[PDB]
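Chemist: all I have is the shape, not the residue letters:
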RNA sequence: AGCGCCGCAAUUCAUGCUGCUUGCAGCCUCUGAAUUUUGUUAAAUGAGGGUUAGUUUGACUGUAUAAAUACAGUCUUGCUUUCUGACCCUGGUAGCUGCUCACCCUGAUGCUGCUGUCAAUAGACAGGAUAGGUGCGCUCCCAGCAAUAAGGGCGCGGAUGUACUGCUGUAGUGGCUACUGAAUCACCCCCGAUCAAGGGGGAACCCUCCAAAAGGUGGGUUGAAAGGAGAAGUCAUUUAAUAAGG
């Protein structure tokens, strides 16, 4: 689970502006935090198929959002994935 | 069916178990995986599928350069040989499956072409129905194997009248019929064949044998990829998911010892039977078995000692032990795998080799087969093969002095027919065939006797355990179980009851039905009905008769047939195959099954 | 209600019984078949989870016999399963982590359903398979909930280029890991083993036998079965995720 402080820090860091809470860039940043933590869990917990179910959802959610961003703008898309460290 | 398996736990100190586990998991199973990969890429692979046969030596040839590859080099000679046998039998299995499926697809595709309705047969013959009926009466009078003979007659007879007459004659089960064709029952029967062709076509897209990766390196690298990389499209992400859901293989492939003397038996000073394997004699394993099997493991030592006392003038061709499989059974709980899992030896024996009379049966079977071989076989190593065969043929004459038990004698005119059904798994009729009289019926309830309550237990547990799995799946709970072992128990109880009744009436044989593939018949029948009832509504079609289709997929007619065949062979009762009639009750089906198998003796 | 199962009762009958004439004719006690009712103080079924290298289901040889098997002697090992008993539980402490929820309507193979102290709110404590409904049981039905089947309705905020997102708490409910609680058994107790390991001591009932009012040698017994296994492919069902399909 994700703390409100880490959540709000993600919001502030990826916001387009101070009241943006839901742009696709903020959404993929939130999902990237979740995917990173859950990958570390599943590397240690291969039999946690319940948690693995969540990963496949989260990876798909981010895949759809990044594909949406990429055809709004490749400049914003490339900058965003570079910040998040996604190849 | 005189080959059976007996098993024992193998016990040894930890360093022996660890060394064997590492040989199996780190070298032998990776070698098997590599052989499966290379064999599936071989340029002759596509012609092996057409022959349905693997070359006798191609796995051995592929393994030779791998025996000194740093990935695989550390193994005894018999472990390489075991890996070869594993891989060779896998493809012998898989190529035989694909070959038969292809023949089924070709056979039914021809039938779909020659299945024409009388409205179509009128046009395609150019003759009135009475005219083709007469021509079918002539062609039947010549073809008098009848089915195959008509299928032979069809192909090269390009004369559309005779060709249509054969089509009409085959539509009716190789016979004349006066009655009119019900056009909707024909259209349904045509549709069944299309579904069967489609389902055969889909089954022929089987995967190549997948192997056992025990490291699961592909899973972890895919996890790192899918979490840090953008998927190029949906199909890459789907392939990632398909890998991430794939479950890890825990256990290596077992070892196979096709030379019975590669298991060397001994008794330790604490009096326990012990075994070691060729190439691993430093690892002594202690035999821990039930007394109900101990007499076999004692026999393995006595057979070994007999041939040593005779300075190898006996043949191991008559050793009661045939081969061994060395298996790790999955342990519950946690530990290092050589501690967690339990090492188990499975020995094939031929039950006839227990007695002296049965050994004489095997000796003649061996002698005839080897005398045939030596005559037909006639290089230096091929001449050495002849000399080994001639040594076997000489040495099988030396007796092991085994227990004498006179062979079963059954009356040729007394048969037991066993009717198999979805509702009543077995029903038997003892028939005196020259008298044409039933000596005894038994129902399923009389066969099970006091065990009959197990049959309601099975139905009740199959319902209950399916529903508990359904509930557990939604929670991702691992606690998913089923009644397969109870079902196996019931089929073995029935098999013993049937054979005991056969012995009691001195039946010469047990008659079993040629059911064919009941599941593909039922599945294509129900689909053809459902497509009429739910046109354009696939989920309605799949809901239709769902529980009947499930019941037919659970019907264990093969396991019951196999259990009967094994028990009859262990008492020397002949098994015969007959055709079960569709008419009548299970009792009448069993009687007419028995009597038809008697009349089919030619 | 429906469906499955269970027995009950009834009819007909042969795989049952009776007879001389051994292939037929009666009958329905027994042992079974055909599915026909019916739920009764009946007789049968009965599904919360777990607990033994448990016992019996063996091998060989001799003797007997019509097989079936039976008796006597010698040997015995612990595997993989199916039942019947008996016993124990309703779990604990830290971590990791999924899913769910703005709100409303409908209600899914959804969730929950025991007893009795206490107790207005809240659940706790002590019992415990008697666990909602019927003879028993269900995904059916009843009652409460339903966000965690599907759908539908409809707020403000972000976003609005096809992605969607927030309203979400010491929250509800799953999974995984580590350690840990009870039975860890086959007549009972105690001390041990668990890749090997057994030892000691008792209670009932029956044999065997001093010549005997009385207890006591030498033993026996204290629930049964089944077995052909590995490897590879496939089908079916269900669950989860994904996609809108070349």
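Modeler: Good, I have the coordinates. Numbering: from 1, shown residues only, chains lettered A, B, ... in the order given.

Chemist: next to RNA strand C, which bits of chain A? Give me the list.
Modeler: Contacts of chain A with RNA strand C, taken as Cβ under 7 Å from any atom of the strand, map to A:1, A:4, A:16-17, A:19-24, A:26-27, A:34, A:37-38, A:40-41, A:44-45, A:47-51, A:53-58, A:60-61, A:63-65, A:67-68, A:71-72. (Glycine included, C-beta is placed from N, CA and C.)

Chemist: drop anything exposed from the residues you listed.
Modeler: Listed as buried from those are A:23, A:24, A:26, A:27, A:34, A:38, A:55, A:58, A:60, A:61, A:63, A:65; burial here means 16 or more other Cβ atoms under 10 Å in any protein chain shown.

Chemist: check the residues you listed against chain B, which are close?
Modeler: With Cβ under 8 Å from any Cβ of the partner chain as the criterion, these include A:55, A:60, A:63 near chain B.

Chemist: can you add distance to residue B:383 and secondary structure and give those back as TSV?
Modeler: Formatted as TSV, those follow (distance: Cβ to Cβ, whole Å; DSSP: H, G, I helix; E, B strand; the rest coil):
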residue	distance to residue B:383	secondary structure
A:55	64	helix
A:60	67	helix
A:63	67	helix
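
Chemist: of all those, which comes closest to RNA strand C?
Modeler: residue A:60 (3.6 Å; Cβ to the nearest atom of the strand).

Chemist: so who does the residue nearest to that closest one when sequence neighbours are not counted touch?
Modeler: Closest residue to residue A:60 apart from its sequence neighbours, by Cβ to Cβ, 6 or more residues apart in numbering or on different chains: residue B:237 at 6.8 Å. Applying Cβ atoms under 8 Å, 6 or more residues apart in numbering or on different chains to residue B:237 gives the contacts A:59, A:60, A:63, B:226, B:231.

Chemist: ok, 10 Å please
Modeler: A:56, A:59, A:60, A:63, A:64, B:226, B:229, B:230, B:231 (Cβ atoms under 10 Å, 6 or more residues apart in numbering or on different chains).

Chemist: and the helix or strand residue B:100 falls within, how far from the chain's centre?
Modeler: Using DSSP states H and E, residue B:100 sits in helix B:77-114. Distance of helix B:77-114 from the chain centroid (Cα atoms, centre = their mean, to the nearest Å) equals 12 Å.

Chemist: name the next helix or strand following it along the chain.
Modeler: Following helix B:77-114 toward the C-terminus (DSSP H and E): helix B:118-125.

Chemist: okay, buried residues for that next one please.
Modeler: Buried-residue list, helix B:118-125, by 16+ other Cβ under 10 Å: B:118, B:121, B:122, B:124, B:125.

Chemist: quick check: closest non-adjacent residue to the first one.
Modeler: I take that to be residue B:118. Take residue B:118 and drop its neighbours on the chain: the residue closest to it by Cβ to Cβ, 6+ apart is residue B:181, 4.9 Å away.

Chemist: on that earlier part again, filter the buried ones among the residues of chain A next to RNA strand C down to the ones in helices?
Modeler: A:24, A:26, A:27, A:34, A:38, A:55, A:58, A:60, A:61, A:63, A:65 (DSSP state H).

Chemist: leaving out the residues flanking it, which one is nearest to the fourth one?
Modeler: Same thing as residue A:34. residue A:58 (5.5 Å).

Chemist: double-check the one you found against residue A:41; I have them as touching.
Modeler: No. Applying Cβ atoms under 10 Å, one finds residue A:58 not in contact with residue A:41, separated by 11.8 Å.

Chemist: and residue B:10, what does it touch?
Modeler: B:16-17, B:20, B:274-275, B:283-289, B:326-327, B:342-345.

Chemist: next, the buried residues of the helix or strand hosting it.
Modeler: Per DSSP H and E: residue B:10 is located in strand B:3-11. Buried positions in strand B:3-11, judged by neighbour count with 16+ other Cβ under 10 Å: B:6, B:7, B:8, B:10, B:11.

Chemist: do the same with stretch B:527-541
Modeler: Those would be B:527, B:528, B:529, B:530, B:531, B:541, for stretch B:527-541 by 16+ other Cβ under 10 Å.

Chemist: tell me the SS of residue B:508?
Modeler: With DSSP: H, G, I helix; E, B strand; the rest coil as the basis, residue B:508 sits in strand.

Chemist: ok, it - contacts?
Modeler: B:408-416, B:433, B:502, B:573-574, B:576, B:598.

Chemist: show me the residues you listed that map onto helices.
Modeler: Using DSSP H, the contacts of residue B:508 in helices are B:502, B:598.

Chemist: intersect the contacts of residue B:508 with the contacts of chain A.
Modeler: Taking Cβ under 10 Å from any Cβ of the partner chain as the test, chain A is in contact with none of the contacts of residue B:508.

Chemist: of the contacts of residue B:508, which is the nearest to residue B:369?
Modeler: Of all these, residue B:369 sits closest to residue B:574, with 20.5 Å by Cβ to Cβ.

Chemist: these two touch, right, that closest one and residue B:411?
Modeler: No. Using Cβ under 10 Å, residue B:574 makes no contact with residue B:411, being 11.4 Å away.

Chemist: common neighbours of these two, please.
Modeler: With Cβ under 10 Å, 6+ apart as the test, residue B:574 and residue B:411 both reach B:507, B:508, B:509.

Chemist: what's the burial count for the last one?
Modeler: When you say that, I think you mean residue B:509. Applying other Cβ atoms under 10 Å in any protein chain shown, we find 22 residues neighbouring residue B:509.

Chemist: can you check the first one too?
Modeler: Around residue B:507 there are 29 other residues, counting by other Cβ under 10 Å.

Chemist: isn't it right up against residue B:411?
Modeler: Yes. Counting by Cβ under 10 Å, residue B:411 is a contact partner of residue B:507 at 7.0 Å.

Chemist: shared neighbours of those two, anything?
Modeler: With Cβ under 10 Å, 6+ apart, residue B:507 and residue B:411 have common neighbours residue B:432.

Chemist: any idea how far stretch B:571-583 is from the chain center?
Modeler: Offset of stretch B:571-583 from its chain centre (Cα atoms, centre = their mean): 19 Å.

Chemist: now the helix holding residue B:100: buried residues?
Modeler: B:78-88, B:90-91, B:94-95, B:98-99, B:101, B:104-105, B:108, B:111, B:114.

Chemist: next structured bit after the strand or helix carrying residue B:256?
Modeler: Assigned by DSSP H and E, residue B:256 falls within strand B:255-257. Using DSSP H and E, the helix or strand that follows strand B:255-257 in sequence is strand B:263-267.

Chemist: show me what that following strand is packed against.
Modeler: strand B:273-277, strand B:285-288, helix B:291-309, strand B:321-329 (3 or more Cβ pairs under 10 Å, 6 or more residues apart in numbering or on different chains; DSSP states H and E).

Chemist: what strands line up against it, and which way round?
Modeler: Strand B:263-267 has the following strand partners under DSSP bridges: strand B:273-277 (antiparallel).

Chemist: identify the residues contacting the strand it pairs with?
Modeler: Contacts for strand B:273-277 (Cβ under 10 Å, 6+ apart): B:8, B:10-12, B:16, B:20, B:76, B:78-79, B:82, B:255, B:257, B:262-268, B:282-289, B:294, B:297-298, B:300-301, B:324, B:326, B:345, B:347.

Chemist: and the angle for it with helix B:291-309?
Modeler: 60 degrees (axes from the mean of the first three to the mean of the last three Cα atoms, to 10 degrees).

Chemist: strand B:273-277 vs helix B:77-114, what angle?
Modeler: Using the same axes, to 10 degrees: strand B:273-277 against helix B:77-114 is 80 degrees.

Chemist: mind listing what residue B:464 touches?
Modeler: Contacts of residue B:464 (Cβ under 10 Å, 6+ apart): B:481, B:483.

Chemist: ditto for residue B:188
Modeler: So residue B:188 contacts B:182, B:525, B:528, B:529, B:531, B:532 (Cβ under 10 Å, 6+ apart).

Chemist: return the distance of it relative to residue B:174.
Modeler: Distance, residue B:188 to residue B:174, by Cβ to Cβ, to the nearest Å: 21 Å.

Chemist: same for the helix or strand hosting residue B:593, what does it pack against?
Modeler: Per DSSP H and E: residue B:593 is located in helix B:586-599. Other elements packing on helix B:586-599 under the criterion 3+ Cβ pairs under 10 Å, 6+ apart are strand B:411-419, strand B:427-432, strand B:437-442, strand B:507-513, strand B:574-578.
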